[PDB]
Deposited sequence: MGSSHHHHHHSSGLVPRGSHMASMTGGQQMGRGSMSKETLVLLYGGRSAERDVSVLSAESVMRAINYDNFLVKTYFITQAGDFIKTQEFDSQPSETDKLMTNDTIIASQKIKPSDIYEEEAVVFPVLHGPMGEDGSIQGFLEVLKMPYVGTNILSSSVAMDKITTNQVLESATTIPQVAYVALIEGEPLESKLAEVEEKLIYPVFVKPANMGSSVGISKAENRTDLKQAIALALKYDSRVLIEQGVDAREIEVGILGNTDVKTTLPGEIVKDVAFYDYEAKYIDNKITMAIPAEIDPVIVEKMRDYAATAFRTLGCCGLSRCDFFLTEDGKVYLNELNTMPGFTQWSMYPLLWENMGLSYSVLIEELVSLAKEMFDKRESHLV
């Protein structure tokens, strides 16, 4: 009885994973409740009309090796009154707010966070600055570099604040074990972007919290990476902290819909926010974290759809 538009693929490096999530989303959905229209976005950004399903498939989604050129559409022709888009797109141009902006301009409800909270959440420098300003959530140690800042003292700031190895990424990846590697990593990263992140390399436990909702934020029990332990075996104090931090991070950025909060837990029991992930994999932890809480994958989906409509009504009213 509802039309879901399931966009998958994309232009980012994470685009092959996107096809996998979209395939898992399309087999997990309850068709009692949805007609599903799928559209592949190719690596060059083209929109391809591919299979509609009125009933459960069992049936491959399109890939960049299998484009059918006659099935190409005008991108705005995804549009249908009252359809809700589920953008199963990861990394840049799936999580950086460009797809969200496109769908806002097309006037369609869509699953997941809005434009501000997507771009901010994707930009670790901005995320860290917002969170250190507005919250007490600890961020993985980092240094921000804006082209123009004197290099020699940036280098010294990196060595004061961080311990080698560090990782250098343009804002929108090279490892450094010493100051020479660092200089060489920064020089290429400035060719990419005028804003550069240098981040502490961390070897610690990787523990993840699912987040769901719009105004009423729910979190899962944490689950651990390394194989998955769901739930993670951790002290109650750490469970509470991680879930509070996740919810606080989501509320502060004005996220809505879903996210997954990726934490590090050190041998001394210190918790650091590593990353807020606004469109997490569905291939993978996010669905399974909610499954452990008693929320099934098909019902998880319907909830995402109802939150999408609620944000749309709210943003259109």
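J.: Numbered from 1 along the deposited sequence, what ranges are absent from the coordinates?
T.: In sequence order, the gaps with no modelled C-alpha are 1 to 36, 95 to 96, 211 to 216, 271 to 287, 345 to 346, 381 to 383.
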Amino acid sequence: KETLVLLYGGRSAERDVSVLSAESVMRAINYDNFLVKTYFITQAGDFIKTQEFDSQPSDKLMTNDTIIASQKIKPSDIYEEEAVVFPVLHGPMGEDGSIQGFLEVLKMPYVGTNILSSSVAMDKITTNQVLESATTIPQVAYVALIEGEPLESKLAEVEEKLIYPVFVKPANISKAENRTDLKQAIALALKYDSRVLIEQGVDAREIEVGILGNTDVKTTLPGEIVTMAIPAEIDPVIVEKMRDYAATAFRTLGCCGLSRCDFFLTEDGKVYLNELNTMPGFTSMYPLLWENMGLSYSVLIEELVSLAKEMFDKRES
From here on, numbers count along this sequence of modelled residues.
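J.: Can you let me know which of the two, 152 to 160 or 115 to 123, has the higher average C-alpha B-factor in the entry?
T.: Per the PDB entry, the higher value belongs to 152 to 160.
J.: Should the higher mean CA B-factor in the entry be assigned to 90 to 98 or to 238 to 246?
T.: Looking at the recorded C-alpha B-factors, 90 to 98 comes out higher on average.
J.: Taking the Cα B-factors listed in the entry, which of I29, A44, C261, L258 comes out highest?
T.: Highest C-alpha B-factor among the listed options: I29.
J.: Among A144, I186, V226, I230, where is the Cα temperature factor highest, going by the PDB entry?
T.: Highest CA B-factor of the listed options: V226.
J.: Classify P57 as lowest, middle or highest third according to the C-alpha B-factor given in the PDB entry, relative to its own chain.
T.: It falls in the top third of the chain.
J.: Looking at the temperature factor on the CA atom of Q51, which third of the chain's modelled residues does it land in?
T.: Within its chain, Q51 is a highest-third residue by C-alpha B-factor, going by the deposited values.
J.: Using the B-factor values recorded in the entry, state whether the Cα atom of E82 falls in the lowest, middle or highest third among the modelled residues of its chain.
T.: CA B-factor rank for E82: highest third.
J.: Once the chain's modelled residues are ordered by C-alpha B factor and cut into thirds, is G281 in the lowest, middle or highest one?
T.: Ranked within chain, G281 CA B lands in the middle tercile.
J.: Is the Cα B-factor recorded for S70 in the lowest, middle or highest third of its chain?
T.: It belongs to the highest third of the chain when residues are ordered by C-alpha B-factor.
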